[PDB]
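Visitor: experimental structure below, sequence on top.
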Amino acid sequence: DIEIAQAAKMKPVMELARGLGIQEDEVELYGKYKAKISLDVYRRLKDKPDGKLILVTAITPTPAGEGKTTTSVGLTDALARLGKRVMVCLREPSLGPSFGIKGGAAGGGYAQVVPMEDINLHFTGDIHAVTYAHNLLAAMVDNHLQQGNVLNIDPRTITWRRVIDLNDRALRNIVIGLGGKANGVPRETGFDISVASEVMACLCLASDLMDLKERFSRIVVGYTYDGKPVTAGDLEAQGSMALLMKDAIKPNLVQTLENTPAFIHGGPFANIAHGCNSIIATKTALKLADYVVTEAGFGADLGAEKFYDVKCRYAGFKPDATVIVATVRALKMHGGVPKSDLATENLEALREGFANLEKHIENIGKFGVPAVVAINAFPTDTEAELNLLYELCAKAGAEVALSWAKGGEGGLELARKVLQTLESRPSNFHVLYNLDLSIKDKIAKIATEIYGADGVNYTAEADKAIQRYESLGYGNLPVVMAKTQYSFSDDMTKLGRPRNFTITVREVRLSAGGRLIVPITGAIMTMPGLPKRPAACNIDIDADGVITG
Amino acid sequence: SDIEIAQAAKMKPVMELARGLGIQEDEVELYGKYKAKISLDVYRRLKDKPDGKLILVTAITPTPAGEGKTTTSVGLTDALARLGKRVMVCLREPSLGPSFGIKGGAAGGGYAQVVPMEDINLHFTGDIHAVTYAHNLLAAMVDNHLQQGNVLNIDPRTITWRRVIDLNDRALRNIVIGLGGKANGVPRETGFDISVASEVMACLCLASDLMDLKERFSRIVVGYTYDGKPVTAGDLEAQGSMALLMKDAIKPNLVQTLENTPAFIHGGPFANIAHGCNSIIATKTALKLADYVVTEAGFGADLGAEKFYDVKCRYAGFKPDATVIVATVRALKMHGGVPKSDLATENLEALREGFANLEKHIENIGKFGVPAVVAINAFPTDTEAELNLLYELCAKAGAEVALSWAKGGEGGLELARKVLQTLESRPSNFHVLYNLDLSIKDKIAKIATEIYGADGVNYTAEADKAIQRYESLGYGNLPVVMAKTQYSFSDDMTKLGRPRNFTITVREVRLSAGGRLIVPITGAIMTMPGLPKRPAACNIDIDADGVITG
Ligand SMILES: Nc1ncnc2c1ncn2[C@@H]1O[C@H](COP(=O)(O)OP(=O)(O)OP(O)(O)=S)[C@@H](O)[C@H]1O
Ligand SMILES: Nc1ncnc2c1ncn2[C@@H]1O[C@H](COP(=O)(O)OP(=O)(O)OP(O)(O)=S)[C@@H](O)[C@H]1O
């Protein structure tokens, strides 16, 4: 009965490709229902007009669940119904979690992206391609050391770890290169989940296969003995890294349960990285559709700011609308109601928890972009609970989305407000900070105006880090804040709209292909682990079809 | 010329070739216009139909001078199609790693190639990723189990199951895992072998369908308890999941020769620590779609041909009909003592002396009841006097010259004709070299004695313990898979030719419970090769889309 049990009624992607004016020759199929679209679609429609861009985001995440993706597909079906040319772009899910805790649908209920099972697994192999690009580089680093260490690297400062797309704890901290002189140079490193890879990040912000080629070459792998940074470039790896990505580069065309054309392509981390689907997918989509709907990871404080300040900045996008999702269950949790008690109506809690969404809204304001709230409706979520909220959004447009349950017909109301927004409410999009400010000034501008901290503190380790980067010349880059998503602040316990608090950046990491990363805590969760009773244990496939994936 | 001839190839859509073979559209799964996975439904509905003839191609003891196995197989297949035969060639998928180290070598070679080359050499249909991730999921599961209070009671120090990656990465040979304290796993020594060396890959090649492969996984031994009881993947309830990751990898991939002859590429394991053959699934599907099926085996005939007969044929009921054994003048002369550099110079004496290597392989193939035909892979430097002596010399077997590299199928016409002729007048009487119910040590001697011409076999203490342990754990009625050097009949790689008065030494014996017993000689321990000083990775680029060199 769950979102899986809606495996039913897909149209061959090939014809969809025609329903968009993609030529047959620009389609590399993967069976009938997955295909890869060439980057030629953009290059021949280079100068055509762009359709409108519709970033869906969410309020501060909670154990209550909200529903970005679900609402995003539903936003999409609904626009379909209204005879508009409308595409979605989503992120590809890591394989890892299918076997751990997760194993879920792209969206949900009646607003899903299909075929569900391929998307979760080996899809079109975009992640294996990231994986090999990463590990090849790692290999070249180590081989070089084996080969006499011409570049005079300090093995002890390699910051290039290896990658794999499984929840594997036991690979977090490892020692390689043992066995003697035949078998490499001993050093300490680890693995991270593939999707966390700088290479996954580059895929997602590259203009094209040559932009990818360059960004790879910019990547720092570690430093030499007299502190001079070695690069992917220095190791002549970038060419090979690109070859491995020859196909990953192209976006994947798929569909909605309601046959609405979808791209899913790329999938970065939302803290350590910016957490948007790829730029290739969205700029391509813009030329095939009048209305593109896309999303970002975590809450609008992280995903959206990074959407605007990273993704739009680089790609010359000018977001026209922005939806923000919220649930009643969730806000009550922001009001301080435990996860056990969500069943009960609590109009006073929802009133207090609303402060969260209220801040988020002010932040979408701050970007010169037309906000609109959307509530994913729930079985427990009552009429006085909804009414209390609907009026509480007395500041910016609100609608209810019965999507998870009613399909495109349930996000019919919601899509109206958006289209009314896009016709009557023009945009004035502008990045929050300026790329010539100070790493600190930049962080500060994110902390105060977006989160609402009074100020920012820095550790000893954080300053000699910053120092080095400014003076290594990497100070002109944007800032991608690695912090807990569960609060505006870096204190996860502090839900709602916390006031009179500061932000402390413990460390600073570089991503030379892209931008600058300031961690707030152990965001060190770049490799999660399997649970006591993992899903692998119960996954099976009989003499035909799958139980429990 | 220019062995990226695979550009101008002119490929027929695979779908077209498939319906050409009698495959329905619903049994075809496109990967672009030129690649397809093919349902196991095709075999099922054609189970009752008769097999075509099976032709194995193998070669003489490999050398620095090169021999030409695959080129000859594709070349044969094409020569057969030009003769109007309904034919298929089945080949192994290459590992990705060699592409960035030394190779990125030809689909098959010269005018004998299976294409799309580039994709065959890189991700192809992603069968190797499926193997990598099935294999590592087992590993990750092993570790987490230790991490979760170790109910099954594994001694982590006894875990034989390593990790895997499809790159030449020596630094991953010996590593220490699970560091950082109570939260980060349990410290233990392991390493990574190259993906294609995975037992998960050997299983794929030896499986009959997804259920048997799923079963084979449940028997995989990962380690031992504190008490010495074996612990298996079944015991970790992992086989379902691994099976899941192989849902598509289980289907063979349809592709074509430069001449549009259909071809299957599927699986590609090692030929020492495994049997170096492509998958039973491809081959068995090809026997029902085609009147003739050409396939090959890794290394020389003493290893790959042996294992093809004694492992792959054993499991599948195949009865090989003929065998094409590939040799060159230049390699034979090396075997007769000529150094790599002086190979162009005419030398009928070292040719005569080196022929002993070829003679022996012929003799061996004889021992399975399958008639042999030699293929001479012509080289421009070979004199008439030379080639001619090589024929006189092949006194026992059909001989021919293959010009398959230079002249496509047409160069294979002579060979093709010799095979068809053997097919018609000299039916095989196939039988494996050994019964399963001998002991490990008896089986080994059969192989070492009969096929290597070894005097006998010696064993170290470690070998003796291992064989005693495996036999009492009940794995002693299984086939034996010799991992030795391929550069020699002996396990001294420097003994070329047909060495005599020699002895094999088994140093260490390992178990693959998705099949059988692996017994190593030297450092055939090399299950994770390394990158050279100047790796091909450094001189690879892409521009407009012009993939330069590799
Ligand atoms: N209106 C609804 N009624 C019932 N369940 C819902 C509803 N909306 C979402 N869900 C469930 O909430 C789960 C995920 O909620 P979240 O993870 O907060 O949303 P998300 O992280 O943006 O990704 P999703 O699954 O597309 S909402 C999904 O597995 C859905 O099954
Ligand atoms: N007349 C010829 N001139 C030049 N090269 C030739 C000629 N005939 C054969 N070859 C070689 O045949 C080689 C083909 O190698 P493959 O067939 O891919 O490997 P294989 O021959 O199946 O087994 P190995 O590993 O090479 S011993 C090419 O690399 C060529 O160098």
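Guide: In hand now; what should we look at? Numbering: from 1, shown residues only, chains lettered A, B, ... in the order given. Ligands and ions are numbered 1, 2, ... in the order given.
Visitor: now chain A against ligand 2: closest residue?
Guide: Going by Cβ to the nearest ligand atom, ligand 2 is nearest to residue A:243 of chain A, at 20.2 Å. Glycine gets a C-beta too; all of them are placed from N, C-alpha and C.
Visitor: tell me which strands and helices the helix or strand containing residue A:137 is in contact with?
Guide: Here residue A:137, judged by DSSP states H and E, is contained in helix A:126-146. Judged by 3 or more Cβ pairs under 8 Å, 6 or more residues apart in numbering or on different chains; DSSP states H and E, helix A:126-146 is in contact with strand A:162-164, helix A:198-205, strand A:220-223, helix A:238-243.
Visitor: the last one and chain B, are they touching?
Guide: Yes. Interface with chain B: helix A:238-243 contributes A:239, A:240, A:242, A:243 (Cβ under 8 Å from any Cβ of the partner chain).
Visitor: quick one, what contacts the third one?
Guide: For residue A:242, the contacting residues are A:209, A:212, A:213, A:216, B:541, B:542, taking Cβ atoms under 8 Å, 6 or more residues apart in numbering or on different chains as the criterion.
Visitor: got phi/psi on the closest residue to residue A:118 other than its chain neighbours?
Guide: Ranked by Cβ to Cβ, 6 or more residues apart in numbering or on different chains and with sequence neighbours excluded, the top spatial neighbour of residue A:118 is residue A:34, at 6.2 Å. Per-residue torsions, residue A:34: phi -120, psi 140 (degrees, to the nearest 10).
Visitor: for residue A:34, name its beta-bridge partners.
Guide: residue A:30 (DSSP bridges).
Visitor: what segments of the stretch 401-549 of chain A are strands?
Guide: All strands of the stretch 401-549 of chain A, identified by DSSP state E, counting those that start in this stretch, fall at A:455-458, A:479-482, A:502-505, A:509-510, A:516-519, A:540-541, A:546-547.
Visitor: over to the stretch 51-200 of chain A?
Guide: Using DSSP E, counting those that start in this stretch, strands in the stretch 51-200 of chain A cover A:52-58, A:86-90, A:106-108, A:111-114, A:162-164, A:174-176, A:187-189, A:191-193.
Visitor: contacts only, for residue A:288.
Guide: Taking Cβ under 8 Å, 6+ apart, one finds A:20, A:21, A:22, A:41, A:45, A:51, A:85, A:87, A:261 in contact with residue A:288.
Visitor: number of nearby residues for the last one?
Guide: Neighbourhood size, residue A:261 [other Cβ atoms under 10 Å in any protein chain shown]: 24.
Visitor: and what of the third one?
Guide: With neighbours defined by other Cβ under 10 Å, the count for residue A:22 comes to 23.
Visitor: does residue A:483 touch residue A:494 like I think?
Guide: No. Between residue A:483 and residue A:494 there is no contact under Cβ atoms under 8 Å: 11.8 Å.
Visitor: higher neighbour count, these two?
Guide: Neighbours per residue, other Cβ under 10 Å: of residue A:483 and residue A:494, the larger number sits with residue A:483, 25 against 15.
Visitor: nearest residue to that one in space, please, no chain neighbours.
Guide: Nearest residue to residue A:483, sequence neighbours excluded (Cβ to Cβ, 6+ apart): residue A:520, at 3.8 Å.
Visitor: quick check: that neighbour touching residue A:504?
Guide: Yes. Residue A:520 is in contact with residue A:504 according to Cβ under 8 Å; the separation is 7.0 Å.
Visitor: common neighbours of these two, please.
Guide: With Cβ under 8 Å, 6+ apart as the test, residue A:520 and residue A:504 both reach residue A:490.
Visitor: for the closest residue in space to residue A:292 that isn't next to it in sequence, phi and psi?
Guide: Excluding the flanking residues, the one nearest residue A:292 by Cβ to Cβ, 6+ apart is residue A:285, at 4.5 Å. Backbone geometry at residue A:285, expressed as degrees, to the nearest 10, gives phi -50, psi -40.
Visitor: what's near enough to touch residue A:285?
Guide: Going by Cβ under 8 Å, 6+ apart, residue A:285 touches A:51, A:87, A:89, A:263, A:292, A:294.
Visitor: gap between it and chain B?
Guide: To chain B, residue A:285 is 22 Å away according to Cβ to the nearest Cβ, to the nearest Å.
Visitor: just confirm residue A:289 contacts residue A:53, I think it does.
Guide: No. Counting by Cβ under 8 Å, residue A:289 sits too far from residue A:53 to count as a contact (9.9 Å).
Visitor: counting neighbours, go ahead and name the busier of these two.
Guide: residue A:53 (26 against 23).
Visitor: so who does the more buried one touch?
Guide: Residue A:53 makes contacts with A:282, A:286, A:292, A:294, A:317, A:318, A:319, A:320, A:321, as judged by Cβ under 8 Å, 6+ apart.
Visitor: now flag whichever of these is closest to ligand 1.
Guide: Ligand 1 has its nearest neighbour among the contacts of residue A:53 in residue A:294, at 13.0 Å by Cβ to the nearest ligand atom.
Visitor: picking up where we left off before, redo the contacts of residue A:53 as CSV? Include secondary structure and neighbour count.
Guide: Formatted as CSV, these follow (DSSP: H, G, I helix; E, B strand; the rest coil; neighbours: other Cβ atoms under 10 Å in any protein chain shown):
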residue, secondary structure, neighbour count
A:282, helix, 27
A:286, helix, 24
A:292, strand, 29
A:294, strand, 27
A:317, coil, 21
A:318, coil, 15
A:319, coil, 22
A:320, coil, 22
A:321, strand, 25
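Visitor: circling back: top of the contacts of residue A:288 by neighbour count?
Guide: Counting by other Cβ under 10 Å, top hit in the contacts of residue A:288: residue A:87 with 27 neighbours.
Visitor: close to ligand 2: what parts of chain A are there?
Guide: Within chain A, no position is near ligand 2 by Cβ under 6 Å from any ligand atom.
Visitor: tell me the domain boundaries of chain A?
Guide: According to curated CATH domains, chain A comprises the domains A:1-125+A:245-437, A:126-244, A:438-527.
Visitor: out of those domains, which comes closest to ligand 1?
Guide: Nearest of these to ligand 1, taken as Cβ to the nearest ligand atom: domain A:1-125+A:245-437 at 2.6 Å.
Visitor: one step back: adding distance to ligand 1, write the strands of the stretch 51-200 of chain A out as JSON lines.
Guide: JSON lines is the format used below for the strands of the stretch 51-200 of chain A (distance: least, Cβ to the nearest ligand atom, whole Å):
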{"stretch": "strand A:52-58", "distance to ligand 1": "6"}
{"stretch": "strand A:86-90", "distance to ligand 1": "9"}
{"stretch": "strand A:106-108", "distance to ligand 1": "4"}
{"stretch": "strand A:111-114", "distance to ligand 1": "8"}
{"stretch": "strand A:162-164", "distance to ligand 1": "24"}
{"stretch": "strand A:174-176", "distance to ligand 1": "31"}
{"stretch": "strand A:187-189", "distance to ligand 1": "31"}
{"stretch": "strand A:191-193", "distance to ligand 1": "17"}
